[PDB]
Amino acid sequence: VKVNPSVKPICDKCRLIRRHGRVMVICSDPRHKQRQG
Amino acid sequence: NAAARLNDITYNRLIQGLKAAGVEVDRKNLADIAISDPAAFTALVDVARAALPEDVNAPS
Amino acid sequence: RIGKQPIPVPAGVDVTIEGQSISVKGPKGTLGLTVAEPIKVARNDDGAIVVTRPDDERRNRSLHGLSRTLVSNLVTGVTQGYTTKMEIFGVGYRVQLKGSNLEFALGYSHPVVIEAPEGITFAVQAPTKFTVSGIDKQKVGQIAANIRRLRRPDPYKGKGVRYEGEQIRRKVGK
Amino acid sequence: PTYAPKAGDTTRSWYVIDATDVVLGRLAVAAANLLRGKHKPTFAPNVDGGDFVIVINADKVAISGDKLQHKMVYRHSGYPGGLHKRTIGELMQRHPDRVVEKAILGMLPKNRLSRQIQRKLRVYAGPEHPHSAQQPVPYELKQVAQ
Amino acid sequence: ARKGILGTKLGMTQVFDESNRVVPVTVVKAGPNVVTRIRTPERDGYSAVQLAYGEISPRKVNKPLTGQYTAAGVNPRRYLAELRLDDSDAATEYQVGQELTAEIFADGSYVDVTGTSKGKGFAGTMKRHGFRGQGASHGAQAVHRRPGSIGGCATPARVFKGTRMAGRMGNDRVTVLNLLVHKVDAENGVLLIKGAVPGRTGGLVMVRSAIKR
RNA sequence: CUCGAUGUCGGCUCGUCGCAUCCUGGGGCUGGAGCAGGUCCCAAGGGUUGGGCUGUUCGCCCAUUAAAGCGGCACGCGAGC
RNA sequence: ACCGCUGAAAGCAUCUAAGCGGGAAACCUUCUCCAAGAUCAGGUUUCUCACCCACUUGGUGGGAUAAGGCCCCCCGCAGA
Ligand SMILES: [Mg+2]
Ligand SMILES: [Mg+2]
Ligand SMILES: [Mg+2]
Ligand SMILES: [Mg+2]
Ligand SMILES: [Mg+2]
Ligand SMILES: [Mg+2]
Ligand SMILES: [Mg+2]
Ligand SMILES: [Mg+2]
Ligand SMILES: [Mg+2]
Ligand SMILES: [Mg+2]
Ligand SMILES: [Mg+2]
Ligand SMILES: [Mg+2]
Ligand SMILES: [Mg+2]
Ligand SMILES: [Mg+2]
Ligand SMILES: [Mg+2]
Ligand SMILES: [Mg+2]
Ligand SMILES: [Mg+2]
Ligand SMILES: [Mg+2]
Ligand SMILES: [Mg+2]
Ligand SMILES: [Mg+2]
Ligand SMILES: [Zn+2]
C-alpha cells in the first residue's frame, strides 16, 4: 500500500471506501492501493 | 438526605417543600428529629410533599 | 431491494421459526441460524420466509438485507448445495486424495496436505482439477480460500492454485 | 450537641447484590454507598457504619464490547520497565471478581478507615456464595424519583 | 509421566564410552525412596507424591514428625520432598508404602537435576555479578574492585530497584537441565550422570526426568 | 532559580529508558525472472567487534561482522575513578 | 502491519456495519528462580491436648508444666 494522509483515486476503477475506521483506496491495479496514515 | 430517601423523596424537593409549606425548622434540628423521632420526620415529609407543586418541571 | 423480496421454499421440510431462531432441512443435512432481534422474520401464504423490520433507520436497513440472504443461504444451502471448482496451474504441479485429505505437490520440499474439516468433501476430477463441496456457503468459501493461498501469486508464470475461469494478472517478465 | 455515634450503636446487616445485567459503574456506586453507610441517618464520616455487601454473578456484569477490548489495567512492580498491563476483557476471563472489586475501591475515600470498610465486601463470580449462615436480603438498584 | 527420585551427590570421576571418548560423570546415589503421602486434587487441591529418603535414628525424629510416618506405616527418614505431577492421572502407579529404586531411569535417558548450590559468603560485585572493575595502574585510586556508578544524577534522584550490588552469593536452588544418564548401576543404587551437579559432595539431590529431553 | 559555590570536555566503571530499526522477525508495492535490491508498513525480545591516528567528541583508515543503529537521562554517571 | 470468508446499507460491488478466519524474535502462557507481613496473613497433616494460687472475679494477675524450642557445649565445604 501507499501510506499518506492524502489518498484519492488515481484511475477510472479505483474505489474509495472506509473499512475499520480508515480511508483507503482499493483497486484492481495493485500499485493504486492507498490507505490513510 | 439519608432520612428523606427512606421516605422516597430527595433532599432537593424536601427543602423546596418545607419552604413552600412555611416550616422554618433549621437543618440542625431537622437532622436531630431524623434520628431521635423518625415518625415525626415522616410527618414532615408529608407536609413537604403536599406543598410541592403538581409538576415540578413546569415553569413558575 | 435485497430484503424487499420474500424468500421462497424450494423443498424446506422444516422451515420453522422457534423464537428468533430459524432452522432448515431438505435432501442434504440441517443448518442453524439466529437473526438479530430488531429484524423480524415472518411467513408468506404458503409458509415461505418473509423478512420485515422497523422502518427507516441507518442500522435497520443494513441488517435487513443482511438477514435476508443469510436465511436464503440455508434454504439454498441444503437443496442446491455449494461447490467451488478449483484448478491447479503450473508445470509439475498436481493434487491427489490420500483418504479424505488432499495432498499437493507445489514445488516445495514436502507435500502439503489439507485436512478436510467436518461437513466438507474433497474430490478430484483430474490431476489438476478438484472441487470443494459442502452445504454452508461461508464454510465452503473459507476452505477454498485456504487452498487458494498455498502458493505465492506468480505474475510471471502463473503457477499455483486458482479458482476456475479467473483472470490473474501477468507481468512481462525478463 | 449533635448526634455522635458511640461504640455499640451500629447495627450491621447483610445484603446480596445480583450483578447480572448491571453496568459496572452503577453497581460499584451502590456497593460503595452501602458499605459506608450513606443511607443511614446516623452517618458520621469517622465511623465505620454501613453493612456487609455480597456481590454474586460478577462474571455477568454489563461491560461494553469496546471496553473489554481497549480499557487497560496497569500495575507497576517498582523495577525498571515494571509496567504490566492487561485489558478488562482478559481479566474477566481470569478474575472477574477482581474487576468488580477494583471499581468499588476507587470510589471509597482514600484514608485509613476505608481499609476497614473494604473488609465487609465479598465478590463471587458464580451465582452461589458461602454466606448462607447469615440471611443476606437481596438488594436492587433504586432511583428515588424527583 | 514425570519420574523422580532423591539421592546424594557422591562426587565426580570419569569413564570411557564405546567410541573411547572420555565422559565426565557425577555419581548420584539415587537411594531407595518410599512414598509416605499422595496429594489428590479432591483433598489437597493439586497432584503430587511425597518421597522420603535417608537413614536416620528414630530418637532424632521428634513426636509430631513420627506421627506422620506412623499414619503411612513407614520408618522415619531424614529427608522428605514432593514430586509435583500434572493434574491428569495422579497416582495410578504410586501407592503409599511403595519403595522406589534407582532403575526407574534407563541408560541414555535425560534428567533434570536440582540441588542447593555451594555457599560463597558475602561476595563482591566482580565475583557475584561479573563486573569488570577499574584498572590496576594509570593513576586509579583505590577503586580497583569497586562498582563504579550506581545511577544517574538529579533525574531520577534514586537508585533503581534490582541494581546489582555486593552481598551473599550461593546457597541457592539450582536446576541443571538435560543431563545424560550414562549408566544406572542397580547393584549399588548409583546413577552415572554426564556433567556437573549443583551442591557439595554429600548434599541432597532430586533427580527428575527431563521435559525437554 | 542558584554568586554566605548548582565542580565545567573526553575516557573508565555501572547503567536505565525512547523509537525516528542497524541486524535478526512479519508484510505491501516494484522499472520484483532468479540471486541480489529499492521504497514503504509493522515490530524495541536479544544483539550491536578489535585496533592505528588524535586530549579529543566527531571523523578518516586497517582487519572483521548477521550487524558494527540513532537519541534522552545536569551534552546520565568526579562525597565512583 | 497485512491477507481473507460470508455480507448489507447502496438490485452491482465491498475484509465490516451483524458475524467468522489466517497471521511476527513484541504481549500472555509453557521453562528456570523468589514468593501467604498475599494484614483476603492460605491449604493438607501430625503432636501436646494439662495443672496451682491470689483477687477489685476482670477475654484478670501470677506460678508450674506438656509437645516443642532456645542458650551453653563439639564442630562444618554454613558463615562479617
Ligand atoms: Mg499525494
Ligand atoms: Mg484488522
Ligand atoms: Mg568460606
Ligand atoms: Mg582488571
Ligand atoms: Mg588515597
Ligand atoms: Mg592501588
Ligand atoms: Mg555526583
Ligand atoms: Mg548554601
Ligand atoms: Mg544509553
Ligand atoms: Mg514504528
Ligand atoms: Mg520488501
Ligand atoms: Mg535493543
Ligand atoms: Mg517474550
Ligand atoms: Mg605504536
Ligand atoms: Mg555530563
Ligand atoms: Mg553521554
Ligand atoms: Mg569526568
Ligand atoms: Mg518454595
Ligand atoms: Mg505485595
Ligand atoms: Mg499457615
Ligand atoms: Zn486504479
# chains A, B, ... in the order shown; residues from 1 in each chain; ligands from 1
>>> residues_near_ligand(ligand="ligand 20", cutoff="8 Å", atoms="only C-alpha atoms (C1' of nucleotides) and all ligand atoms", output="number ranges by chain")
G: 36, 42-43
>>> interface_residues(of="chain D", to="chain G", cutoff="12 Å", atoms="only C-alpha atoms (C1' of nucleotides)", output="number ranges by chain")
D: 84-87, 90-91, 94, 98, 115-116, 118-123
>>> residues_near_ligand(ligand="ligand 14", cutoff="12 Å", atoms="only C-alpha atoms (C1' of nucleotides) and all ligand atoms", output="PDB file with C-alpha atoms (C1' of nucleotides), in the first residue's frame")
ATOM      1  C1'   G F  51      42.726  -1.981  16.558  1.00  0.00           C
ATOM      2  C1'   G F  52      46.127   2.649  14.048  1.00  0.00           C
ATOM      3  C1'   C F  53      45.933   8.438  14.474  1.00  0.00           C
TER       4        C F  53
END
>>> atom_distance(atom1="atom CA of residue 11 of chain C", atom2="atom CA of residue 45 of chain C")
15.4 Å
>>> atom_distance(atom1="atom CA of residue 15 of chain A", atom2="atom CA of residue 58 of chain C")
22.2 Å
>>> interface_residues(of="chain A", to="chain G", cutoff="8 Å", atoms="only C-alpha atoms (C1' of nucleotides)", output="PyMOL selection string")
chain A and resi 17+19-20
>>> select_by_dssp(residues="segment 93-134 of chain E", states="strand (DSSP E or B)", output="list in words")
residues 99, 100, 110, 111, 112, 113, 114, 115, 116, 121, 122 and 123 of chain E
>>> residues_near_ligand(ligand="ligand 13", cutoff="12 Å", atoms="only C-alpha atoms (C1' of nucleotides) and all ligand atoms", output="PyMOL selection string")
(chain F and resi 44-46) or (chain G and resi 24-30)
>>> residues_near_ligand(ligand="ligand 10", cutoff="10 Å", atoms="only C-alpha atoms (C1' of nucleotides) and all ligand atoms", output="list in words")
residues 19, 20, 21, 41, 42, 43 and 44 of chain F
>>> residues_near_ligand(ligand="ligand 3", cutoff="8 Å", atoms="only C-alpha atoms (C1' of nucleotides) and all ligand atoms", output="VMD selection string")
(chain E and resid 119 to 121) or (chain G and resid 77 79)
>>> interface_residues(of="chain E", to="chain G", cutoff="8 Å", atoms="only C-alpha atoms (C1' of nucleotides)", output="number ranges by chain")
E: 43-45, 63-68, 118-119, 121, 173, 175, 200
>>> interface_residues(of="chain D", to="chain F", cutoff="12 Å", atoms="only C-alpha atoms (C1' of nucleotides)", output="number ranges by chain")
D: 79-82
>>> write_last_selection(atoms="C-alpha atoms", output="PDB file, in the first residue's frame")
ATOM      1  CA  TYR D  79      11.560  -2.373  38.903  1.00  0.00           C
ATOM      2  CA  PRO D  80      12.530  -0.558  35.683  1.00  0.00           C
ATOM      3  CA  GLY D  81      10.080  -1.431  32.959  1.00  0.00           C
ATOM      4  CA  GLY D  82       7.714  -2.908  35.513  1.00  0.00           C
TER       5      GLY D  82
END
>>> interface_residues(of="chain C", to="chain A", cutoff="12 Å", atoms="only C-alpha atoms", output="ChimeraX atom specification")
/C:155,167-171
>>> write_last_selection(atoms="N, CA and C atoms", output="PDB file, in the first residue's frame")
ATOM      1  N   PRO C 155       3.023 -13.554 -10.998  1.00  0.00           N
ATOM      2  CA  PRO C 155       2.622 -12.889 -12.240  1.00  0.00           C
ATOM      3  C   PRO C 155       3.411 -13.340 -13.451  1.00  0.00           C
ATOM      4  N   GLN C 167      -9.077 -14.562 -13.845  1.00  0.00           N
ATOM      5  CA  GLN C 167      -8.021 -13.959 -14.648  1.00  0.00           C
ATOM      6  C   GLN C 167      -7.032 -13.293 -13.700  1.00  0.00           C
ATOM      7  N   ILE C 168      -5.984 -14.030 -13.327  1.00  0.00           N
ATOM      8  CA  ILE C 168      -4.910 -13.407 -12.573  1.00  0.00           C
ATOM      9  C   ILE C 168      -4.135 -12.470 -13.490  1.00  0.00           C
ATOM     10  N   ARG C 169      -3.492 -11.479 -12.892  1.00  0.00           N
ATOM     11  CA  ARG C 169      -2.751 -10.519 -13.689  1.00  0.00           C
ATOM     12  C   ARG C 169      -1.335 -11.017 -13.927  1.00  0.00           C
ATOM     13  N   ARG C 170      -0.756 -10.583 -15.040  1.00  0.00           N
ATOM     14  CA  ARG C 170       0.517 -11.101 -15.505  1.00  0.00           C
ATOM     15  C   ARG C 170       1.462  -9.948 -15.795  1.00  0.00           C
ATOM     16  N   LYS C 171       2.746 -10.178 -15.569  1.00  0.00           N
ATOM     17  CA  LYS C 171       3.774  -9.186 -15.835  1.00  0.00           C
ATOM     18  C   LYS C 171       4.690  -9.683 -16.945  1.00  0.00           C
TER      19      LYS C 171
END
>>> closest_atom_pairs(of="chain E", to="ligand 5", cutoff="10 Å", atoms="only C-alpha atoms and all ligand atoms", output="JSON lines")
{"residue": "E:140", "atom": "CA", "partner": "ligand 5", "partner_atom_place_in_ligand_line": "1 (Mg)", "distance": 9.8}
{"residue": "E:141", "atom": "CA", "partner": "ligand 5", "partner_atom_place_in_ligand_line": "1 (Mg)", "distance": 6.2}
{"residue": "E:142", "atom": "CA", "partner": "ligand 5", "partner_atom_place_in_ligand_line": "1 (Mg)", "distance": 6.8}
>>> residues_near_ligand(ligand="ligand 1", cutoff="12 Å", atoms="only C-alpha atoms (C1' of nucleotides) and all ligand atoms", output="PyMOL selection string")
chain A and resi 2-10+32+34-36
>>> write_last_selection(atoms="N, CA, C and O atoms", output="short mmCIF file (atom, residue, chain, number, x, y, z; two decimals), in the first residue's frame")
data_model
loop_
_atom_site.label_atom_id
_atom_site.label_comp_id
_atom_site.auth_asym_id
_atom_site.auth_seq_id
_atom_site.Cartn_x
_atom_site.Cartn_y
_atom_site.Cartn_z
N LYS A 2 0.26 2.36 -0.36
CA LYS A 2 0.81 3.68 -0.11
C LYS A 2 0.19 4.21 1.17
O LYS A 2 -1.01 4.04 1.41
N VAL A 3 1.00 4.84 2.00
CA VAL A 3 0.55 5.35 3.29
C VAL A 3 0.84 6.84 3.31
O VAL A 3 1.99 7.26 3.44
N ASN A 4 -0.21 7.64 3.17
CA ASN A 4 -0.17 9.09 3.13
C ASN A 4 -1.44 9.58 3.79
O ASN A 4 -2.46 8.89 3.73
N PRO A 5 -1.43 10.77 4.40
CA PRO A 5 -2.70 11.33 4.89
C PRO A 5 -3.63 11.78 3.79
O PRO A 5 -4.83 11.90 4.04
N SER A 6 -3.13 12.00 2.58
CA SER A 6 -3.96 12.38 1.44
C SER A 6 -4.02 11.21 0.47
O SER A 6 -3.08 10.98 -0.28
N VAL A 7 -5.14 10.49 0.49
CA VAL A 7 -5.39 9.45 -0.50
C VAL A 7 -6.60 9.88 -1.32
O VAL A 7 -7.50 10.58 -0.84
N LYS A 8 -6.59 9.49 -2.60
CA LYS A 8 -7.64 9.84 -3.55
C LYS A 8 -7.48 8.92 -4.76
O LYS A 8 -6.37 8.44 -5.01
N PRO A 9 -8.56 8.64 -5.50
CA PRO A 9 -8.45 7.67 -6.60
C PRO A 9 -7.64 8.19 -7.78
O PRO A 9 -7.63 9.38 -8.10
N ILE A 10 -6.96 7.25 -8.43
CA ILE A 10 -5.99 7.57 -9.48
C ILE A 10 -6.56 7.32 -10.87
O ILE A 10 -6.42 8.15 -11.76
N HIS A 32 -2.15 0.98 -7.10
CA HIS A 32 -3.07 2.04 -6.74
C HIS A 32 -3.68 1.85 -5.36
O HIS A 32 -4.57 2.61 -4.98
N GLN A 34 -3.97 2.39 -1.52
CA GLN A 34 -3.61 3.50 -0.65
C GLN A 34 -4.44 3.38 0.61
O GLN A 34 -5.57 2.92 0.56
N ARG A 35 -3.86 3.76 1.74
CA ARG A 35 -4.65 3.98 2.95
C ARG A 35 -4.11 5.19 3.68
O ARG A 35 -2.95 5.57 3.53
N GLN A 36 -4.98 5.80 4.48
CA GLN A 36 -4.58 6.97 5.26
C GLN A 36 -3.81 6.56 6.50
O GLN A 36 -4.23 5.68 7.26
#
>>> closest_atom_pairs(of="chain G", to="ligand 19", cutoff="12 Å", atoms="only C-alpha atoms (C1' of nucleotides) and all ligand atoms", output="tab-separated table")
residue	atom	partner	partner_atom_place_in_ligand_line	distance
G:35	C1'	ligand 19	1 (Mg)	9.8
G:36	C1'	ligand 19	1 (Mg)	10.5
G:37	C1'	ligand 19	1 (Mg)	9.4
G:38	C1'	ligand 19	1 (Mg)	6.4
G:39	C1'	ligand 19	1 (Mg)	11.3
G:41	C1'	ligand 19	1 (Mg)	11.9
>>> residues_around(residues="segment 3-12 of chain B", least_positions_apart="3", cutoff="8 Å", atoms="only C-alpha atoms (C1' of nucleotides)", output="tab-separated table (two decimals) with N, CA, C and O atoms, in the first residue's frame")
chain	number	residue	atom	x	y	z
B	15	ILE	N	-36.48	20.40	50.73
B	15	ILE	CA	-36.21	21.77	51.13
B	15	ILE	C	-37.14	22.73	50.39
B	15	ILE	O	-37.60	23.73	50.96
B	16	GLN	N	-37.46	22.42	49.13
B	16	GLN	CA	-38.50	23.17	48.43
B	16	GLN	C	-39.85	23.00	49.10
B	16	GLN	O	-40.63	23.96	49.20
B	34	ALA	N	-34.60	13.51	62.72
B	34	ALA	CA	-34.45	12.35	61.85
B	34	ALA	C	-33.85	11.15	62.55
B	34	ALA	O	-34.03	10.02	62.09
B	42	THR	N	-41.25	11.53	59.21
B	42	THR	CA	-42.19	11.11	58.18
B	42	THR	C	-43.38	12.05	58.09
B	42	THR	O	-43.88	12.32	57.00
B	45	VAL	N	-42.20	15.01	56.02
B	45	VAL	CA	-42.08	14.76	54.59
B	45	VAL	C	-43.44	14.88	53.91
B	45	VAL	O	-43.55	15.41	52.80
D	39	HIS	N	-26.74	5.71	53.55
D	39	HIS	CA	-28.19	5.62	53.56
D	39	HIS	C	-28.77	5.62	54.96
D	39	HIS	O	-29.99	5.60	55.11
D	40	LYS	N	-27.93	5.63	55.98
D	40	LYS	CA	-28.46	5.64	57.33
D	40	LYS	C	-28.39	7.06	57.89
D	40	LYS	O	-27.41	7.76	57.65
D	41	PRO	N	-29.39	7.53	58.63
D	41	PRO	CA	-29.34	8.90	59.16
D	41	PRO	C	-28.42	9.08	60.36
D	41	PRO	O	-28.33	10.20	60.87
D	144	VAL	N	-34.68	7.13	43.49
D	144	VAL	CA	-35.80	7.90	44.03
D	144	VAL	C	-36.15	9.00	43.04
D	144	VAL	O	-35.32	9.87	42.74
D	145	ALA	N	-37.37	8.94	42.52
D	145	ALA	CA	-37.80	9.89	41.51
D	145	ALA	C	-37.99	11.27	42.12
D	145	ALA	O	-38.14	11.43	43.34
D	146	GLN	N	-37.97	12.27	41.26
D	146	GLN	CA	-37.86	13.64	41.69
D	146	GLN	C	-38.82	14.55	40.95
D	146	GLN	O	-39.56	15.31	41.58
>>> interface_residues(of="chain C", to="chain G", cutoff="12 Å", atoms="only C-alpha atoms (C1' of nucleotides)", output="NGL selection string")
:C and (1-5 or 33-39 or 56-71 or 73 or 136-150 or 152-153)
>>> residues_near_ligand(ligand="ligand 16", cutoff="10 Å", atoms="only C-alpha atoms (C1' of nucleotides) and all ligand atoms", output="ChimeraX atom specification")
/F:72-73,75-77
>>> write_last_selection(atoms="N, CA and C atoms (P, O5', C5', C4', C3', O3' and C1' of nucleotides)", output="PDB file, in the first residue's frame")
ATOM      1  P     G F  72      21.163  13.307  23.242  1.00  0.00           P
ATOM      2  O5'   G F  72      20.086  13.040  24.372  1.00  0.00           O
ATOM      3  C5'   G F  72      18.856  13.732  24.368  1.00  0.00           C
ATOM      4  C4'   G F  72      17.911  13.175  25.394  1.00  0.00           C
ATOM      5  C3'   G F  72      18.413  13.113  26.818  1.00  0.00           C
ATOM      6  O3'   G F  72      18.373  14.359  27.484  1.00  0.00           O
ATOM      7  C1'   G F  72      17.361  11.086  26.272  1.00  0.00           C
ATOM      8  P     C F  73      19.635  14.860  28.331  1.00  0.00           P
ATOM      9  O5'   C F  73      19.497  14.116  29.725  1.00  0.00           O
ATOM     10  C5'   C F  73      18.337  14.258  30.526  1.00  0.00           C
ATOM     11  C4'   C F  73      18.157  13.075  31.442  1.00  0.00           C
ATOM     12  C3'   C F  73      19.257  12.836  32.458  1.00  0.00           C
ATOM     13  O3'   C F  73      19.106  13.664  33.597  1.00  0.00           O
ATOM     14  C1'   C F  73      18.684  10.797  31.405  1.00  0.00           C
ATOM     15  P     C F  75      25.344  17.799  31.716  1.00  0.00           P
ATOM     16  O5'   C F  75      25.059  17.934  30.157  1.00  0.00           O
ATOM     17  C5'   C F  75      23.904  17.367  29.556  1.00  0.00           C
ATOM     18  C4'   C F  75      24.230  16.716  28.238  1.00  0.00           C
ATOM     19  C3'   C F  75      25.359  15.700  28.263  1.00  0.00           C
ATOM     20  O3'   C F  75      24.898  14.421  28.652  1.00  0.00           O
ATOM     21  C1'   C F  75      25.641  17.187  26.434  1.00  0.00           C
ATOM     22  P     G F  76      25.821  13.398  29.461  1.00  0.00           P
ATOM     23  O5'   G F  76      24.775  12.609  30.347  1.00  0.00           O
ATOM     24  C5'   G F  76      23.814  13.303  31.121  1.00  0.00           C
ATOM     25  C4'   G F  76      23.376  12.485  32.304  1.00  0.00           C
ATOM     26  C3'   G F  76      24.434  12.201  33.355  1.00  0.00           C
ATOM     27  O3'   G F  76      24.578  13.272  34.270  1.00  0.00           O
ATOM     28  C1'   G F  76      23.311  10.205  32.813  1.00  0.00           C
ATOM     29  P     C F  77      26.020  13.803  34.726  1.00  0.00           P
ATOM     30  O5'   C F  77      26.662  12.605  35.536  1.00  0.00           O
ATOM     31  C5'   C F  77      26.109  12.153  36.759  1.00  0.00           C
ATOM     32  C4'   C F  77      26.702  10.827  37.129  1.00  0.00           C
ATOM     33  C3'   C F  77      28.215  10.788  37.241  1.00  0.00           C
ATOM     34  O3'   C F  77      28.681  11.242  38.501  1.00  0.00           O
ATOM     35  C1'   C F  77      27.457   8.940  35.971  1.00  0.00           C
TER      36        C F  77
END
>>> interface_residues(of="chain E", to="chain F", cutoff="10 Å", atoms="only C-alpha atoms (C1' of nucleotides)", output="JSON, numbers by chain")
{"E": [131, 132, 133, 134, 135, 139, 140, 141, 142, 143, 144, 145, 146, 147, 148, 149, 150, 151, 152, 153, 154, 155, 156, 160, 163, 164]}
